[PDB]
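Chemist: Quick mapping for you: the protein sequence lines, in order, are chains A and A'. A prime marks a further copy of an entry chain.
Note that the first sequence covers residues 12 to 127, 130 to 353, 366 to 446, 455 to 499 in the deposited numbering.
Note that the second sequence covers residues 12 to 127, 130 to 353, 366 to 446, 455 to 499 in the deposited numbering.
Ideal Cβ positions, reconstructed from N, Cα and C, are used throughout, including at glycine.
One structure follows; several queries about it will come next.
Number of protein chains: 2
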Amino acid sequence: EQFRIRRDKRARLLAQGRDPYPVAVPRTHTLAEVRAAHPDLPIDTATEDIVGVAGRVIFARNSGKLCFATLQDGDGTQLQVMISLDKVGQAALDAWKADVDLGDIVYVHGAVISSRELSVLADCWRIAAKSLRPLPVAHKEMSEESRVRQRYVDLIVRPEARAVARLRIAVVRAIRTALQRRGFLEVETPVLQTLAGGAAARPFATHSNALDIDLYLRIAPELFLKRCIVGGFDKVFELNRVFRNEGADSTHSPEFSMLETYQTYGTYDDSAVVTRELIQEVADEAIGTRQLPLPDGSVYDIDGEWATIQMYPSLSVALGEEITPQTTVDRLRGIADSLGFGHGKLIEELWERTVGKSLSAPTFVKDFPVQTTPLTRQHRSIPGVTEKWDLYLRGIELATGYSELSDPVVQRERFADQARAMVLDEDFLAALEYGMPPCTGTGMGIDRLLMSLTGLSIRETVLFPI
Amino acid sequence: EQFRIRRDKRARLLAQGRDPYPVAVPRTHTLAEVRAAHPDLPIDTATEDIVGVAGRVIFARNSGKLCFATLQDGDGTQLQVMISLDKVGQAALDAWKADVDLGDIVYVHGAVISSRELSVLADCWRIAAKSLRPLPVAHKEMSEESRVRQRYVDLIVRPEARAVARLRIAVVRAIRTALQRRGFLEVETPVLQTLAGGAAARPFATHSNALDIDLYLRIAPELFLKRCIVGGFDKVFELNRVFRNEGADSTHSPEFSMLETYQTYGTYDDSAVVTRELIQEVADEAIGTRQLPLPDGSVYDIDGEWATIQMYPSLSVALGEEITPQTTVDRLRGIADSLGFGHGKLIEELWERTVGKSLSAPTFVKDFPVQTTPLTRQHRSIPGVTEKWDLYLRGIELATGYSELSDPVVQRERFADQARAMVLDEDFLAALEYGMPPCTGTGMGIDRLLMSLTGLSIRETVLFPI
Ligand SMILES: CCOc1nc(N)nc2c1C(=O)N(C1CCCCC1)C2
Ligand SMILES: CCOc1nc(N)nc2c1C(=O)N(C1CCCCC1)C2
Ligand SMILES: N[C@@H](CCCC[NH3+])C(=O)O
Ligand SMILES: N[C@@H](CCCC[NH3+])C(=O)O
């Protein structure tokens, strides 16, 4: 309803030649600056340093001859103004009262004081924008699901949304910084693709009008990233969105930000080292500690070196017998049944369902079954496994790395099989037959990263989801 | 055919327990380093500093007891190796000859010399990858259109592709740097959207399985970016892809990288200043001069201040009469006819077809007809025009800025009209009614940027197009 009483305040301000949506107002300082300038000014004393400030009016104590308002800027830094009868504008006080509701953006200019709390005594004052929707109190405890459909109000009423948003951006800057120190180069590769590949997932397709063909949004950059290595890039990354056309859950969203990373002349040994350094480095730049605090109240130490275990062995110890690349599916399905399609899937599942689940501290698992890794090189010695690792951080499948399958005729097979469950990406292959040097790739969910570091849910790490 | 003679060299190397696709090789240095280490080593003299280098074998002069090869790394830095009978491996020379074709990646380790040109005399040597497709000579002048379908070979054979790729990335780093100095913050906003808006264009749609609705790839971030400003961001950007579902040409591609930028408490006056500083700053970091050289041989000075002209006036002078917001379409269509749907479109077209075309040096045009600018504020004084500018750099429509339409009921109209040519983005509106402060937005084609700076075509600025 009060939506109505508001629309009229605008209407009636238009009529008078008052401006409820100016083009400019001369804000000199943000409130953070007003504060940083004057840390310990003796309270109830005046300094004559003039400023033009603006921001959001949340507190309001309409008080006869003299009003009081909390200005909060968009960062959340709070200042109070004192709208007075005396130091100009009687009718200012009349307009002020009658015109200024809550959530309204409001410039005021004058001299900076403190009082019985830091405030500015206004020579001038003006509206800068006029809300026609009052801010929910916040208790009115906006549900998680309505905070996401209206993030802009969450950002205004809920301090933590401010922190999180800012954090995600700190993390991302930290990551670009980390990889640029190491001489990596950020490339842009296509989001629309004639056949999407680089991972196992159902793409989004869409129709073109230029070409009159369908096109596929990228599930992953890997394949084009590899073309760059062929093309002579030594070290490259890309940080940007992928799209996988499937259902949501606490570690899954259909569109999400994803880091991938190639570095020529190293192996999954080398790329797990970098990976861990990247994450330790990130956490510092952006959280300021490697003892990460969680809601819980507990602390998750990500400091020092991290364990590495092997899939087959580490599984073997857990099921109380030797499992190898050799173990038949009938055998495995039995064991599957004993607990609750084919070999590789059974290994990873049994692993995940016994070992993986039961990890706590940070762990790489490595040496994976070939069947489920059609892009990663075969292990250098151990037969039947590929040079790949997952990284499980606080229980979350954060990241993965490979010694990369650079051999074209092998690679042709890997896909020829896959299919049987039939056109492959024939240019991709062609590019390997030009000659891709020894490289190791990785990738990492920025969202899982934030979760694994903070405990936050996936629908809090992203600014705008649905 | 020689595709055949190659596949067998691999096959027969597998059999012998030679490795044509190792996991690792101990490259210590890139060739750039070998060079930077030893600038002026007296030619034909040996220094005993050991190195492990690798890279691409392009020159090959099989020479009896002693061979000669040009190694080129992926950056293009060239070194020569000397595969000798004497300092190890007779059979090395036999394998070397029989096994090493052109384009093949090849590690060699030893002591660094110069000779009758900088080279390394190999203690060890090994293959690291084996091409099953020989590199076109380059003349064989790969057509523009086949260089794009096979960029990875262009990157290898054509030095300029190396420069361009590297340049695009220098530009982008320069831009992020420029905006981070100014206290801007890079946000990520959704690429999938329930209704795409922020610009005039036909979206790409795609079907979801989670929701079973269609979704729209973003034509533009503007609308979500504006929600962030509401939400209290002071200064934000985003640099990332948009998708517009239409035909290609020399300034148009359906997917392309695009910068947008909001800054609260300034106007299109303020955002053209920043815009020009950004571009001057970019050109320096990344081209090293503001006198930009073009194929031509000519130079395009982007230094010093830049002209600003108004649409209506500047048009008026060109057609030899007063044109204003007032001039009817019948009048305008006549003038259209005299040369070769409605008001605003006629203005911009006549303008573009008289004034715009005939510019050379860098120019902002400003004060646009309202009809074609449904998101930008109405001018502060001049009635019938909006506070917006285009930037024409070397004849190219590079960029645009607005004093932003922050008024919700006005804004509702703007769209209600549009439609008549009927569901609007009702959340977007809602967000304005929460109160968006005075801000000014811009945006800029990274691709047009590169073109306008270099003369290069759009299908050369992007790593992978089609
Ligand atoms: C925020 C949701 O992240 C993801 N969503 C989906 N839908 N699928 C995946 C992730 C994610 O982070 N994944 C990868 C990231 C690369 C390494 C392995 C996990 C898969
Ligand atoms: C590389 C192609 O760039 C573009 N392609 C299409 N298809 N449409 C546009 C551009 C481009 O740069 N545009 C804008 C950029 C923002 C300011 C105005 C021009 C429109
Ligand atoms: N494409 C992989 C990430 C990179 C792994 C190493 N090449 C994935 O989607 O999981
Ligand atoms: N959305 C605009 C770019 C930003 C203009 C200022 N808000 C466009 O697509 O041209």
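Does DSSP put residue 343/A' in a helix, a strand or coil?
Modeler: Here residue 343/A' corresponds to residue number 330 of the second sequence, with the count starting at 1. Of the three classes helix, strand and coil, the one that applies to residue 343/A' here is helix, per DSSP.
Chemist: Against residue 455/A', what residues of chain A qualify as contacts under a CB-to-CB distance less than 9 Å, listed in chain order?
Modeler: Taking the first residue of the second sequence as position 1, residue 455/A' is located at position 422. Here the premise fails: no neighbours, minimum Cβ distance about 21 Å.
Chemist: Nearest by alpha-carbon distance to residue 147/A': which of 468/A, 493/A, 494/A is it?
Modeler: The residue given as residue 147/A' occupies position 134 in the second sequence. Of the listed residues, the one whose Cα sits closest to residue 147/A' is 468/A.
Chemist: Within the structure, which residues are defined as neighbours of ligand 3 by a Cβ-heavy atom distance below 6 Å, reported in chain order?
Modeler: Those residues are 211/A, 212/A, 233/A, 235/A, 273/A, 425/A, 426/A, 427/A, 474/A, 475/A, 476/A, given in chain order.
Chemist: Under a Cβ-count criterion, where at least 16 other Cβ atoms within 10 Å of its own Cβ denotes burial, should residue 76/A' be classed as buried or exposed?
Modeler: As a first step, residue 76/A' must be located in the second sequence, where it is residue number 65. Exposed, because fewer than 16 other Cβ atoms sit within 10 Å of the Cβ of residue 76/A'.
Chemist: Taking the continuous beta strand (DSSP E) assigned at residue 421/A', which residues delimit it?
Modeler: Stepping through the second sequence from its first residue, residue 421/A' is reached at position 396. Per DSSP, residue 421/A' belongs to the beta strand (DSSP E) from 421–428.
Chemist: Taking residue 34/A' as the reference, which of 404/A, 367/A, 458/A has the closest Cα?
Modeler: For the purposes of this step, residue 34/A' is taken as the residue at position 23 of the second sequence. Closest by alpha carbon: 404/A.
Chemist: At the 7 Å Cβ level, is residue 157/A' part of the contact set with chain A, yes or no?
Modeler: Start at 1 with the first residue of the second sequence, and residue 157/A' comes out as number 144. So, not an interface residue.
Chemist: Are the C-beta atoms of residue 116/A' and some chain A residue less than 7 Å apart?
Modeler: The residue labelled residue 116/A' in the question sits at position 105 within the second sequence. By this cut-off, residue 116/A' is an interface position.
Chemist: What is the DSSP secondary structure of residue 225/A', reduced to helix, strand or coil?
Modeler: In the second sequence, counting from the first residue as 1, residue 225/A' sits at position 212. Residue state, collapsed to three classes: coil.
Chemist: Return the Cβ separation of residue 38/A and residue 64/A in integer angstroms, given the expectation that the two are a contact with Cβ distance under 8 Å.
Modeler: Taking the first sequence and counting its residues from 1, one reaches residue 38/A at position 27. Taking the first sequence and counting its residues from 1, one reaches residue 64/A at position 53. At roughly 6 Å, the Cβ-Cβ gap stays under 8 Å, so residue 38/A and residue 64/A are in contact.
Chemist: Per DSSP, what kind of secondary structure is residue 278/A in: helix, strand or coil?
Modeler: If you number the first sequence from 1, residue 278/A lands on position 265. Three-state result, residue 278/A: coil.
Chemist: Should residue 150/A' be labelled buried (16 or more other beta-carbon atoms within 10 Å of its own) or exposed?
Modeler: Counted from its first residue, the second sequence places residue 150/A' at position 137. Exposed, by the Cβ-count rule.
Chemist: Select from the region 463–483 of chain A' all residues with a C-beta closer than 8 Å to any C-beta belonging to chain A, and list them in chain order.
Modeler: Taking 8 Å as the Cβ-Cβ cut-off against chain A, the residues of the region 463–483 of chain A' that qualify are 463, 464, 466, 467, 468, 469, 470, 471.
Chemist: Put residue 95/A into one of helix, strand or coil per three-state DSSP.
Modeler: As a working mapping, residue 95/A is identified with position 84 in the first sequence. Strand at residue 95/A.
Chemist: Given 6 Å as the limit, tell me if residue 160/A has its C-beta closer than that to any heavy atom belonging to ligand 1.
Modeler: Taking the first residue of the first sequence as position 1, residue 160/A is located at position 147. Checking the Cβ of residue 160/A against ligand 1 gives no.
Chemist: Just checking my contact of residue 447/A' with residue 121/A' at CB under 8 Å: how many whole Å lie between their CB atoms?
Modeler: Residues lacking coordinates in chain A' include everything strictly between 446 and 455, among them residue 447/A'.
Chemist: State the DSSP-derived secondary structure class of residue 321/A, mapped to helix, strand or coil.
Modeler: Reading the first sequence from its first residue, position 308 is the one you call residue 321/A. Here residue 321/A sits in strand by DSSP.
Chemist: Going along the chain, which residues of the region 209–220 of chain A sit with their C-beta nearer than 7 Å to a C-beta in chain A'?
Modeler: Of all residues in the region 209–220 of chain A, 217, 218, 219 have a Cβ within less than 7 Å of some Cβ in chain A'.
Chemist: For residue 419/A', which residues from the same chain have a beta carbon less than 6 Å from its beta carbon, with the 5 sequence-adjacent residues on both sides left out?
Modeler: To locate residue 419/A', count along the second sequence from 1; it is residue 394. Counting only Cβ-Cβ distances below 6 Å, and skipping sequence neighbours, we find 313, 485.
Chemist: Between residue 15/A and chain A', is there a C-beta pair that is closer than 7 Å?
Modeler: Along the first sequence, read from residue 1 onward, the residue named residue 15/A stands at position 4. Chain A', which has no Cβ nearer than 7 Å to the Cβ of residue 15/A, makes this no.
Chemist: Taking beta-carbon pairs under 8 Å, can you tell me which members of the region 192–209 of chain A lie near chain A'?
Modeler: Those would be 193, 198, 199, 200, 201, 202, 203, 204, 205, 207, in chain order.
Chemist: Run through DSSP, which three-state label would residue 165/A' get?
Modeler: Mapped onto the second sequence, residue 165/A' falls at position 152. Correct three-state label for residue 165/A': helix.
Chemist: For a cutoff of 7 Å on Cβ pairs, would you count residue 415/A' as touching chain A?
Modeler: As a first step, residue 415/A' is located in the second sequence; it is residue number 390 there, counting from the start. Answer no: the Cβ-Cβ gap between residue 415/A' and chain A never drops below 7 Å.
Chemist: What I want to know is whether the C-beta of residue 257/A ends up closer than 6 Å to one or more non-hydrogen atoms of ligand 1.
Modeler: The residue given as residue 257/A occupies position 244 in the first sequence. Yes, since a heavy atom of ligand 1 falls inside the 6 Å radius drawn around the Cβ of residue 257/A.
Chemist: How about residue 29/A': is its Cβ closer than 6 Å to a heavy atom in ligand 1?
Modeler: Residue 29/A' sits at position 18 when you count from the first residue of the second sequence. The answer is no for residue 29/A'.
Chemist: Give a yes or no on whether the minimum CB-CB distance between residue 184/A and chain A' is below 7 Å.
Modeler: The residue given as residue 184/A occupies position 171 in the first sequence. Chain A', which has no Cβ nearer than 7 Å to the Cβ of residue 184/A, makes this no.
Chemist: Considering only residues of the same chain and omitting the five flanking positions on each side of residue 327/A, which have a CB-CB separation below 8 Å?
Modeler: Position 314 of the first sequence, counted from the start, is the residue given in the question as residue 327/A. So the list reads 376, 380, 390, once near-sequence residues are dropped.
Chemist: Is there a Cβ of chain A sitting closer than 7 Å to that of residue 280/A', yes or no?
Modeler: Numbered from its first residue, the second sequence carries residue 280/A' at position 267. Closer than 7 Å to some Cβ of chain A, the Cβ of residue 280/A' qualifies, so yes.
Chemist: Whose CA, out of 373/A, 305/A, 462/A, 243/A, lies closest to the CA of residue 471/A?
Modeler: The residue you call residue 471/A lines up with position 438 of the first sequence. The shortest C-alpha separation from residue 471/A is found at 243/A.
Chemist: With a Cβ-Cβ cutoff of 7 Å, do residue 248/A and residue 197/A count as a contact?
Modeler: Here residue 248/A refers to the residue found at position 235 when the first sequence is read from its first residue. Here residue 197/A refers to the residue found at position 184 when the first sequence is read from its first residue. For residue 248/A and residue 197/A, yes; Cβs fall inside 7 Å.
Chemist: Out of 87/A, 153/A, 105/A, 345/A, point me to the one whose CA is closest to residue 73/A's CA.
Modeler: The sequence position of residue 73/A within the first sequence is 62, counting from 1. Of the listed residues, the one whose Cα sits closest to residue 73/A is 105/A.
Chemist: Could you name the residues of chain A that residue 145/A' contacts, counting a contact when the two beta carbons are closer than 9 Å?
Modeler: Within the second sequence, the letter at position 132 stands for residue 145/A'. The answer, in chain order, is 433, 434, 465, 466, 467, 468.
Chemist: Quick one: give me the first and last residue of the beta strand (DSSP E) that residue 78/A is part of.
Modeler: Residue 78/A sits at position 67 when you count from the first residue of the first sequence. Per DSSP, residue 78/A belongs to no beta strand (DSSP E) and is neither H nor E.
Chemist: Just mark residue 258/A as buried or exposed, buried being the case when its beta carbon has 16 or more other beta carbons within 10 Å.
Modeler: Counting from 1 along the first sequence, the entry for residue 258/A is found at position 245. By the 10 Å Cβ count, residue 258/A comes out buried.
Chemist: From the DSSP output, in three-state form, read off residue 413/A for me.
Modeler: Mapped onto the first sequence, residue 413/A falls at position 388. Here residue 413/A sits in strand by DSSP.
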